[PDB]
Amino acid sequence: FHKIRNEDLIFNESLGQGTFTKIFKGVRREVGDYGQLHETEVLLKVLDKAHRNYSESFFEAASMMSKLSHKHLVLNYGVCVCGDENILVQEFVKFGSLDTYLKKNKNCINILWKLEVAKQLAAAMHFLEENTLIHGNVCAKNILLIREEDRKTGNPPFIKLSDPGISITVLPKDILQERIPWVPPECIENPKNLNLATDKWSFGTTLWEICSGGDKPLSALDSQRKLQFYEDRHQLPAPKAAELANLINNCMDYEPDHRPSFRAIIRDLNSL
């Protein structure tokens, strides 16, 4: 990763929290192309000081994805490790995370919008699968909306997939349980079962989010009941707008070897 000076970063408003992280809008002063000076809007992800021992995982997450370049993967500018903080410096996406966008705009989001966003997320995951790179935390909060749909110009929305954060292979067990049903059943059994097939299951959970206007699946269940949901081999309920429900259930297959490839997933989506 490129090293960025603390002196060149300005922290502005808080944009919320992630797992053991705090998120801020900021500005980076930099010399750009042709030697021209720029002040660039950035997203700053800050690892909690009391959790500095997760920094290896925090940064290995961002590093692995940033060794590949793709139009549907978020751009990382570098890191700032000046002094006591661990900071990931990332492109600032105008419209933020998909989960809060769906909640605030669920009135004005139709099947064609959901299908376009689903196709774009599948394209990103197909790219990862072809490169045998595991993401490990596919979810609507980790989808960023670069551009809104503009029917007046026939422009579709455009999304990017963010970095996965601290791996489920090092997180506390109670956090993994709270992440049911994004974390697949085999990873609750053994977090070291993390595999390419992990991302197929979470992709299904994420489609459910996209179809449910920002609702969180199984949010009414506490962690003990989320565990028993998997023990009883239940599936999620079909969303009210059910056009994608069969694809959701096909992806959320309790047998990891039976989950469809992303090529097959893209073929399905192209049939609707």
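Numbers follow the displayed sequence, beginning with 1.
Set 246-254 against 259-267 and average the Cα temperature factors; 259-267 ends up higher. Stretches 157-165 and 98-106 differ in mean C-alpha B factor, with the higher average recorded for 98-106. As recorded in the PDB entry, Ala50 shows the highest C-alpha B-factor of the residues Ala50, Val42, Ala238, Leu207. For the set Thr198, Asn86, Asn142, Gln120, the PDB entry assigns the largest Cα B-factor to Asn86.
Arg29: CA B factor in the middle third of modelled residues in this chain (values from the PDB entry). Ranked by C-alpha B-factor against the other modelled residues of its chain, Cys80 falls in the highest third. Annotation for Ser219: CA B-factor lies in the lowest third of the chain's modelled residues. Annotation for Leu176: C-alpha temperature factor in the middle third relative to the rest of the modelled chain, per the entry. Among the modelled residues of its chain, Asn190 has a C-alpha B-factor that falls in the highest third, as given in the PDB entry.
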